[PDB]
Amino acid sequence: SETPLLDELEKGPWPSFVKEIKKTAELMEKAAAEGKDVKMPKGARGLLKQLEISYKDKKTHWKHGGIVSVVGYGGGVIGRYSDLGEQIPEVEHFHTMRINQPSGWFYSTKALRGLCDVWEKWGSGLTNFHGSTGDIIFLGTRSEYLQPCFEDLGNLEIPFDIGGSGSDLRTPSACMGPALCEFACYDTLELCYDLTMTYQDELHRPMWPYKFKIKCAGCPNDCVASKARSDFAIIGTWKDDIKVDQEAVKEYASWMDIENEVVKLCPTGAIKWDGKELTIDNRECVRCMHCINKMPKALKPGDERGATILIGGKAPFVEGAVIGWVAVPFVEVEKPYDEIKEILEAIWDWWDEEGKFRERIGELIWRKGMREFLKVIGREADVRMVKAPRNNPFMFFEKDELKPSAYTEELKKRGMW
C-alpha cells in the first residue's frame, strides 16, 4: 500500500474519515478523465499523501498562511500552505472557504447538490459538515479559484454566502429550537437569521480588536454550547409558573421513581410529589430544566418568555478559559429584536474604542470592571450577576457619592478630582 498507517483506520466499525478522503480522490479523478470540468482532480489524493507523511512524522506539514480572500470581503477564507509543496504540488495552496450554514443546519437536497456541484468544479471535493462555529467547510482550493468559486455560489438557484473569519462577527448559530423542540422559549432559528442579515458588513469585513461570536440557545439545556463557545450567549428562559398537566404526572407516577429521579435531584428542592399532586414553588426554581427534561408530557416552560444573556465565553488565550456569566438576566426576544441589537451595538462601539489588539470582550470587561460594562449597556447592577459578593472591601466610589468636604475641595484645587 501507498498509505500503510492510514489504511489501519479503514478497519473498525466507526465510519472512517480515511475512506471519505479516498472516495473523493477516486471519484474526482474519475470525473476528470471523463472530461467533466473539475479544476482540482488530484487534490484529495495529495491530501492523503501529505497526511500519511504526517502520521509517520507525528507532526503537521502545514506552515503559516498568506492572507487570501474573495473580492470585497476581508474574511471567510483561511489561507493554507503545505511545507511539502514541491514534493506534492497539488497541495501547495490548500485554503479553506467557510460557507454560512442555514440556521440550525436545515437543508433540502436541492440546496446540498448545488454546493456539491460548485465544490467539485473548483476544489478538492472534501468538506466538513460542520466546522465547530457552524459553517460548512469547503476544505482545499487554490487562490485563483476562490473568486470564481464564490461567484458560482451566489449564482445558484439556492445561493450560499461566505461565513466569517478573523477579527469580525463570526457566523452566528442556533439550536433547532421551535422547528423540532417543545421546550424552546424563543425562535432561535429566526433570531440567528436576522442577526446574520443585520450585520453582514460586520461579519464580511473584519473591523474589530479580535473575533466576536454569538450563539442562540432555545432553553437552558444549551444544545449549541453557547455559554462556553460564544462571547454573547443568548439562552431561552421564562419568568412565570412551570405548567403542570396533573393527569400526565400520575401517568408518570405509575412507573417512574419520581421521588429519586426528579424530586431529589432539583437543585433547590423546588418540586414536591406526594402520590396524588405535584407542586412547584417557582420562586425557588432556577429553571435548570431537569424535571421538564424528566417529564416532557406533563411539564412545560412558563408562558412569559425571553432570554438570559451571558457574556464573555471563550477559549483560554490569553487570560484563561471562560464560561460566560450573567450580563442581562432577562430580555424579550421578538422581531425585529431591537433591544438585543441595541445591546450588541453599544458593546461593539465601546470595544472598538477601548480594546487592545487581540483583546476579547470577556478580557476587556475583566480589565475595565463590570461597572463600566453595565454603564455601556445602560443597565443596573443585579445580584444575579454574581455568585457571591466580593471577598474584599477595596471598592471604587463614584465622585458623586462622596460627601462634600474640605478634602473633596483640595482635590479640585489640586485638579485631581
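Residue numbers run from 1 along the displayed sequence.
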Mean CA temperature factor from the deposited coordinates, higher in 184-192 or in 67-75? 67-75
Of 261-269 and 123-131, which one has the bigger average CA B-factor? 123-131
Whose CA atom has the top B-factor in the entry, of 113, 305, 294, 95? 305
Maximum C-alpha temperature factor, selected from 290, 204, 80, 215: 80
Tertile call for residue 140 (CA temperature factor, within chain, third-based) is the lowest
Sort the modelled residues of this chain by their C-alpha B factor and say whether residue 361 lands in the lowest, middle or highest third. highest
Using the temperature factors of the C-alpha atoms in this entry, rank residue 12 within its chain: lowest, middle or highest third. lowest
Among the modelled residues of its chain, does the C-alpha B-factor of residue 117 lie in the lowest, middle or highest third? lowest
Would you mind checking where the Cα B-factor of residue 283 ranks among the modelled residues of its chain, as the lowest, middle or highest third? lowest
